[PDB]
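Just the one chain here, the form deposited in one PDB entry, laid out as structure tokens.
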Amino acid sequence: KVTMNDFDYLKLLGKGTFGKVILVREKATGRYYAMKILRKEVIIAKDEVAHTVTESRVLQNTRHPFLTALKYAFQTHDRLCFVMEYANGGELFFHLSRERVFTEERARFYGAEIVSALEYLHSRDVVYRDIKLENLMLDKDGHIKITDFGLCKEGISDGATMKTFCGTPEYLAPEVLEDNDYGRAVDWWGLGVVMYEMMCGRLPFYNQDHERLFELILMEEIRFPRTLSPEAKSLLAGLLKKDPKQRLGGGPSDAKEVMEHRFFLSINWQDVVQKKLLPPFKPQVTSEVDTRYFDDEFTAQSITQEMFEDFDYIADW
């Protein structure tokens, strides 16, 4: 058993919709982690208990360099909690905001590592459904760490389908904005939105009203900056094909179509997953408590079964 007070609560990394992630230290080993702290009341109140359960099951059965690995999960008389590897580098949305845009090559690095994680997830019959900049953290070495498995769905092999209207509005695939069911190709759409943002420096579709936003996703053709390379334009045009069947990654071969697209011609997919490739950026941290790649907005704050039968967990590593 692992206890709330096995952990120092050092710095508030993130807080909101989800819950509260805090940079902690393990009192025993002195190791550093990010601990997502959820209130059981909030979860039950909202029916979305199966998501907070599925998140645990997925973090327990997935192992990949570009997925956040779970160290321990447990609960208390009031709260569900996950302890996960800490990504010192912040998230890409933070870096992108500052940089405004990445180079194609830099976008290709993060893209390849995402294509890597998603191929792996799809191989395990998991659909992630929430690919967005905000969920893409960087670790201490500048490698992608996918984060927030709330909306995942298991059991999704090949042409199996899903029905939950979920995801993040700006990132929704068109098919998800129609009635009935959709498949795993929503993740490739999602990949296209983050890649477009990386290379073009904005979302391909945006309105602050969701009805207009949804209209844009369903009805508007993407635009590309003139200077974007033909290979980049092609990649984006494939991933953000509105028809999932015409979409790059939408065929029966899933990730293989994306991996074999010419944008990725220079990638050795074995070297990616084996992190042999030199990152384009490594976050410069002085200490373990150096939270410069998180908003001072959030960090400068102070801080204080039947249903969850399959939630608790401890790692072999």
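Residue numbers here begin at 1 and follow the sequence given. In this text, rigid core is short for the largest set of C-alphas that superpose within 1.5 Å between two forms.
A second form of this protein, the form deposited in another entry, is not displayed here; the remarks below concern that form.
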item	value
Residue among 67, 258, 34, 272 whose Cα moves 2 Å or more between this form and the one not shown, once the rigid core is superposed	34
Exceeds or equals 2 Å, Cα of residue 76 between this form and the one not shown, core fit	yes
C-alpha of residue 105 off by 2 Å or more between this form and the one not shown on rigid core	no
Large Cα move at residue 181 between this form and the one not shown, threshold 2 Å, rigid core	yes
Cα separation of residue 208 and residue 232 in that other deposited form versus here, shift of 3 Å or more	closer
Pairwise C-alpha change, residue 287 versus residue 65, in that other deposited form against this form - closer or farther, 3 angstroms or more	closer
